[PDB]
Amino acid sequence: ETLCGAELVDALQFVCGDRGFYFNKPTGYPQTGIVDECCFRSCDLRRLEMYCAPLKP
């Protein structure tokens, strides 16, 4: 539920596999990202999944 530090990174590695992840969602045209939603808060797998990089292949 709460995934912090290494455990967060493990989760993202596992869920995102080859794609990679990032920690802050992009914006645009006061920061915040996976830590906030998955570490300070429990988060679910679909939220976690949102910090997987685009595919592209």
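All residue numbers refer to positions in the sequence shown, first residue = 1. We call the rigid core whatever largest set of C-alpha positions still superposes within 1.5 Å between the two forms.
**Q** Core-aligned, RMS over all structures and residues: is 38-46 or 20-28 the stretch with the greater C-alpha displacement in 4 other deposited structures of this protein?
**A** It is 20-28 that deviates more in 4 other deposited structures of this protein.
**Q** How many residues sit between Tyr29 and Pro30 in the deposited sequence but have no coordinates: none, 1 to 3, 4 to 9, or 10 or more?
**A** Unresolved stretch here: 4 to 9 residues.
**Q** Sort the modelled residues of this chain by their C-alpha B factor and say whether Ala11 lands in the lowest, middle or highest third.
**A** Its C-alpha B-factor, which the entry lists for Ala11, ranks in the middle third among residues of this chain.
**Q** Pull the Cα B-factor of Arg19 out of the PDB entry and bin it into the chain's lowest, middle or highest third.
**A** Tercile = highest for this residue's CA B-factor.
**Q** By the record's CA B-factor, is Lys25 among the lowest, middle or highest third of residues in the chain?
**A** It falls in the bottom third of the chain.
**Q** By the record's CA B-factor, is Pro54 among the lowest, middle or highest third of residues in the chain?
**A** Tercile = middle for this residue's CA B-factor.
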